[PDB]
Amino acid sequence: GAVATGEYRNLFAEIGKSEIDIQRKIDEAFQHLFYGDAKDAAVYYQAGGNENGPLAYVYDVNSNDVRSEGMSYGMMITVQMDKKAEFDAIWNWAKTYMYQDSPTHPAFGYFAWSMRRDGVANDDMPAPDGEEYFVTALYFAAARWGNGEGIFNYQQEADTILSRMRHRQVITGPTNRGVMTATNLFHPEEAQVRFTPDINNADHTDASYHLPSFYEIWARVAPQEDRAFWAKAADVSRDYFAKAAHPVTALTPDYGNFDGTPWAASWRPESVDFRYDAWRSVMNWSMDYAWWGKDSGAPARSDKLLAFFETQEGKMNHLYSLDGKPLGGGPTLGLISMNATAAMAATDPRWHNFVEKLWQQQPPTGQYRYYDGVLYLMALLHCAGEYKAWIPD
Ligand code: NA
């Protein structure tokens, strides 16, 4: 695995791109998304400052709301790119405005998934993959930059936040969506991340939230009492992908049950199909394989997914039934980007075409640029060999 060798694959270089052009590709994506035209290109907004220094956020320019996932991806992008100032700015806004610190609030320990730009939460419940990226990005920040104090003691923040994700108790109380009751963020027996800690729908999961590549970091650096749990979670997720991905196409559903079957949410019964969440599943298992080499099924699964998408050339949708029936939409940058990351595990040389397809893209503009853009930039960093495990002491 790349973590053991320290050798991360530069998939763009393997398909013949020069390092100067690769660096320019990443630099342009970053510059557009972080510092581009405010109305058409950027998803990053500099939001003044407080006692911790500058504040900033990544936001969904469509809904005009700050999303915890985007904040956490922003932090991951910025630590990977050695952009401490931007990382610290994003973290400051997340921890200041999004994180619930009241021990009697049902969202205690969690970051609000959807928040208005004035700091008013739309929903105090978390999108758990946000928490997962926050913690991991914080450990990586500790490793790259060392720990500061207060909110910038990155390692202490990660440790506390991660411990609470596991050990959170059931709490009931008022929220911006009315009185709610919520629980921990990982099932204590199944060792799987929940789709939601809201007690009314807590016993479900989402394949795109399974991040064994990160659980392996936590198994090494978390509070000692929880390391065996995170190691279990890593193993569980590898089996989960094996069960949850369709055996022919390797498409996963947006939401799922702990046993691997698709789950139809009452408010979104189309969650049983391959849609916006499920685009990311392949990145998760491919990253895990590339880093750790433990998921012996990941190469075949990546190969299956790429073989499926090769059948869609010139008619690619972005919504699919798990057996591969198109359910609408056209190609999206986000899905192109995630498919390219399958090349971190794929063996069949058709992966070259998917990495070339990513190379041919450009930074997104317009109303849907947030989700496309954060996925694009993460995909560029993975495919350039620039998305690494930065394991702290
Ligand atoms: Na608690």
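What counts, and at which threshold
Residues numbered from 1 in each chain as written, not as in the entry; some residues may be left out. Heavy atoms only, no water. Residues with missing side-chain atoms left out of burial classes, pairs and counts. UniProt positions renumbered as here; feature names shortened; annotations may be inferred. Axes fitted to C-alpha atoms, helices over the stretch in contact; angles between N-to-C directions. Helix = DSSP H or I, 4+ residues; strand = E, 2+ residues; numbered from the N terminus. Parallel < 35°, antiparallel > 145°, perpendicular 65-115°, else oblique. Left-handed = near helix turned anticlockwise from the far one by under 90°. Contact = heavy atoms within 4.5 Å. Nonpolar A, V, L, I, M, F, W, Y, C, P; charged D, E, K, R; others polar. Core = buried A, V, L, I, M, F, W, Y, C linked by side-chain atoms within 4.5 Å. Buried < 20%, exposed > 50% of the residue type's maximum accessible area, 1.4 Å probe, protein only.

Structure determination for this PDB entry is given in the record as X-ray crystallography, at a resolution of 1.40 Å.

The name recorded for the protein in the PDB entry is Glycoside hydrolase family 8 domain protein, from Teredinibacter turnerae. What the PDB entry is called, per its title line, is "Crystal Structure of a GH8 xylanase from Teredinibacter turnerae". On record in UniProt, under Catalytic activity (unreviewed entry), the comment for the protein is "Endohydrolysis of (1->4)-beta-D-glucosidic linkages in cellulose, lichenin and cereal beta-D-glucans."

Chemist: Would you explain the packing of helix α6 (residues 128-145) against helix α8 (residues 212-221) in this entry?
Modeler: At a closest axis distance of 10 Å, the pairing of α6 and α8 adopts a crossing angle of 55 degrees. Here α6 is positioned oblique relative to α8, judged by the angle of their axes. Handedness of the crossing formed by α6 with α8: left-handed. Here α6 contributes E132, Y133, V135, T136, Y139 and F140 to the contact with α8, which in turn contributes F214, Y215, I217, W218 and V221. When its residues are assigned to classes, the contact of α6 with α8 shows nine nonpolar, one polar and one charged.

Chemist: What is the right way to look at the nonpolar core in this model?
Modeler: Within soluble globular proteins, side chains that are nonpolar generally end up buried alongside one another. Ranked by internal contacts, the top residues of the largest apolar core, which has 131 residues, are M71, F87, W91, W218, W291 and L377. With near-sequence residues (within four places) excluded, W218 lies in contact with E132, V135, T136, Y139, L162, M165, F186, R227 and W230.

Chemist: Got a minute to help me understand unusual backbone geometry in this structure?
Modeler: If a residue is not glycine, its phi is most likely negative; likewise, a peptide bond is most likely trans. At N64, a position not held by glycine, the phi torsion is positive, near 70 degrees. You will see that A191, though not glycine, has its phi angle at about 55 degrees, which is positive. Looking at the element boundaries, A191 is found in the loop between β7 (180-182) and α8.

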